[PDB]
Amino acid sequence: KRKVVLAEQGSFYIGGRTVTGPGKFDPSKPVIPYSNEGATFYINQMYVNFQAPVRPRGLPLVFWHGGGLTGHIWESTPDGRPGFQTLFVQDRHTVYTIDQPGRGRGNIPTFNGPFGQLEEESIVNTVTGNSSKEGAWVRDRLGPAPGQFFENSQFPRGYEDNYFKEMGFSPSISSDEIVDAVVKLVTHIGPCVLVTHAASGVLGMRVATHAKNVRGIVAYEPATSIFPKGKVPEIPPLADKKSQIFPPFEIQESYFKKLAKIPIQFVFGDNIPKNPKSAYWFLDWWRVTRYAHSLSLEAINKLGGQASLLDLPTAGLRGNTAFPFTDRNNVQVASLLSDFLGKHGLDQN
């Protein structure tokens, strides 16, 4: 199970832009402490890793981590089992894993001065946000409250420290620039499949509307819904009568219709409630967010699309968290992804 044979592997940077400080750089002056004077800074670039099997079959897969994560989540599970990178190289796909701008080996744009500030220009905000262990516990549906596990959980229990250590903050890089970096990657690699997760769900949908090389999307637990501009359906508030899900992203209809041209599958784990759950904010949030996604997929299908929602429990898999690709049954989750790729010929040359 662990052996893997690579025809080649590597990593590279792509995308981003440059910003400049004032003045001129004098090489005879002390270079350290570092100065903005005469400075050119590369910002908002993305890190990309690839592993290619011998004699690949079908399209390369681009695995895109969720919010506050990195490509680590596709490399290994918290308890050290093979991640989807290894499983799909073994399945004879070339596999790209990214650290998007602002995360991991992607660029964090900061300079000499308060965080994110280049002289008088605010590239990203100095004030950050970041989930706690407790927030992530309920966000990812390990259980209804920190320390608790749902019955039949597939979380790798005992490896909580490993799991939460993989998570961190994201600077306020614009989503436009994150999407731009991945569009450039898709141009670089050719026809490919995007496999997204939570926060990258809506970003991957956006990439597909700008990049015809995206030939399919599988989105694990996408966090933000997407609709044609002015056609967002009625979406109820949460059971606490006061909160709402994330404002759906709206794109022009001519771009939205590009989503009807490729196979798209949204995948959800277990323990999303059917009924309002006022006592558990993030469980109720997932209920209404999944509902909004069902309407988004229906809108894609009314325009001639091939969009579907897979609830893992209906496929016979019980207990998955919001990271099904690192849960204890991730091999079975991978099998369902192989099934999708095979159904649409994305595993053939």
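In this text, residue numbers run from 1 along the sequence as written.
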query: Mean C-alpha temperature factor, higher of 274-282 and 129-137; finding: 274-282
query: Given 259-267 and 116-124, the range whose Cα B-factors average higher in the PDB entry; finding: 116-124
query: Among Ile217, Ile245, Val207, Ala198 - the residue whose C-alpha B-factor is largest in the record; finding: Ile245
query: Options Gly66, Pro56, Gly319, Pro324 - largest CA temperature factor per the record; finding: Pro56
query: B-factor third for the C-alpha atom of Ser76 within its chain; finding: lowest
query: CA B-factor ranking of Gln45, expressed as a third of its chain; finding: lowest
query: Where the record places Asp176 (Cα B-factor, split into thirds across the chain); finding: highest
query: Third assignment of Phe227 from its chain's C-alpha B-factors; finding: highest
query: For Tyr13, the third of its chain into which the C-alpha B factor falls; finding: lowest
